[PDB]
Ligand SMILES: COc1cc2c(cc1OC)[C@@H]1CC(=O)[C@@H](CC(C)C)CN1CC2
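A single chain comes next, written as C-alpha cells; it is the form solved without the ligand.
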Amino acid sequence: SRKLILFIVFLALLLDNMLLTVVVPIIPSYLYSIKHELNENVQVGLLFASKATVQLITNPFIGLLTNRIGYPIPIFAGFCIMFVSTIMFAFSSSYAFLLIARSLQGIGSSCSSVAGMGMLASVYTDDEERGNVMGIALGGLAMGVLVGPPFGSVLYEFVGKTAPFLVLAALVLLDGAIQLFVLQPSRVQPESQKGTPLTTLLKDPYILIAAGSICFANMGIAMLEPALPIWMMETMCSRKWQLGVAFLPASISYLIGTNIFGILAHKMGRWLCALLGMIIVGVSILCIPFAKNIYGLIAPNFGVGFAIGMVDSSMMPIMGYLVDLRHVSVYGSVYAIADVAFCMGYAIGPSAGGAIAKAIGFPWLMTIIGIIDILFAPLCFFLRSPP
C-alpha cells in the first residue's frame, strides 16, 4: 500500500501553504495595533519575503542530505520544525520572534516539500502514474493557498488570535502521528548510488528550459497578486469586497486545472501542454489592463490560473523523466531546483512588482510580463521526445 505516502505528502504541502497564506491577512492588523499600542511597508514585506528566501537558500542542502540519509528522517524533522515554529508564532510577542518563526517555517517547508516530492518520485516509478500522482499532490498546494485566508479570518473573528495557529498545530500533530504510524523514521539508511551534483545538472539545457518555464509562468501571478488591488482602487474606486472577490477565479481555476491536467497532460503531450500554457498566460496578462469593472477581470484571471496550472502540472514529471533519461536516477537534487523555481517566483515577487509598477506603470508591467511569456513559449518545443 503506497497511498498513505501520497496522503502524507498531500497533507504536508496543504498545511505548509495553509500556514504561509494564513499569516498574510492577520499580521498587518496586529502590527498596526502594536504600533498604535502601499499594501506593504519596509518591514511588512519582509515577513512575507523571508519564508520564501530561507526556503530558497536551504533547498540545495536538503537536496544532498536526502541522498546521505534517506527521505523519512528529513520528512519527520520537517514535521517537528514546523510544529515548534507554529507554536512559537502563536505565542510570540515581538517582531524579531515573528522573523525567526517565519524562517523556521521556511526551513521546515523546504525539508518536507523537497523530501516528499523526492519520495513520491521514488515510490511511483512509472511515468504515467508519476504524473497522475504529482497532479494530486500539487492540487494540495493550491488547496491551501485557496482556503488559508478564509479559515484565518473566520477563526480570528470568532475565537481569538491564537485559535488558527493552535488548530494548525493540532493538525500538524495528527500528521506527525500518521507519519510515525507509517514511515517510522527509525534508523539512518544511506542511499544506494551517487547523486550527479547540481553543477552537472545546472549545465543541462533541457532542465534549464523546464525550470525557466516554471519560474516565469509562476512569476506572472506572483507579481500580479499584490499590485492588482492598488490599481483597481484607483481606476474603479471599488468597495472593500470587490477587491477580495476579484481574485477567486484565479485560485479556483488553478486548483481545477492542476487536478485535471495532471492526468490530462500525458495524452496531449507535456511539451504541447506547456507551450499552450505559456501562450495562454501571456495573452491573459496582456489582456488584463483593458478591463473596466470586475466583470472585465473575471475571464483573464481564469485564463491566468488555468494556464499556470497546466504549466506546473505538466513540468514537474518532466523533471523526473529528464533525470531518469540522462543522468543517475535520484530525485532530491532535481526537485531541489524545481522548488527553487517556485520560491524564486514567490520571493522577489511583490518587491520588484511594486517597484516596476511605481516606476513605469501597471499596463507596462503587464505588457512586459506577457511579452516575456509569449517569447519564452517557443522554447518548450525542445522538450519533445525524440521518438
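For clarity, a rigid core is taken as the largest C-alpha set superposing within 1.5 Å between two forms. In this text, residue numbers run from 1 along the sequence as written.
What comes next is about the form deposited with the ligand bound, which is not displayed.
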Q. Does the ligand get within 4.5 angstroms of any non-hydrogen atom of residue 377 in the entry with it bound?
A. no
Q. Is there any non-hydrogen atom of residue 129 lying within 4.5 Å of the ligand in the entry with it bound?
A. no
Q: Please run the contact check for residue 168 against the ligand in the entry with it bound: heavy atoms, 4.5 angstroms, yes or no?
A: no
(Q) Is it the case that residue 133, even though its partner is missing from this view, gets within 4.5 Å of the ligand in the entry with it bound, heavy atoms only? (A) no
Q: For the three residues 204, 330 and 383, verify that every one has a non-hydrogen atom within 4.5 Å of the ligand in the entry with it bound; reply yes or no.
A: no
Q) Quick one: which of 268-276, 185-193, 217-225, 69-77 gets within 4.5 Å of the ligand in the entry with it bound, going by heavy atoms? A) 217-225
Q.
Please tell me which of 87, 280, 294, 145 lies within 4.5 Å of the ligand in the entry with it bound, judged by heavy atoms.
A. 145
Q | Position in contact with the ligand when the complex is considered in the entry with it bound, options 120, 111, 250, 288, heavy atoms within 4.5 Å | A | 250
Q: May I ask you to list the residues of 253-276 that have any heavy atom within 4.5 angstroms of the ligand in the entry with it bound, in sequence order?
A: 254
Q. For the list 186, 193, 199, 93, which one shows a CA move of 2 Å or more between the shown form and the other one after the core is fit?
A. 93
(Q) Once both forms sit on the same rigid core, is the C-alpha displacement of residue 57 at or above 2 Å between the shown form and the other one? (A) no
Q: Compare the position of the CA of residue 44 between the shown form and the other one after a rigid core fit and state whether the shift reaches 2 Å.
A: yes
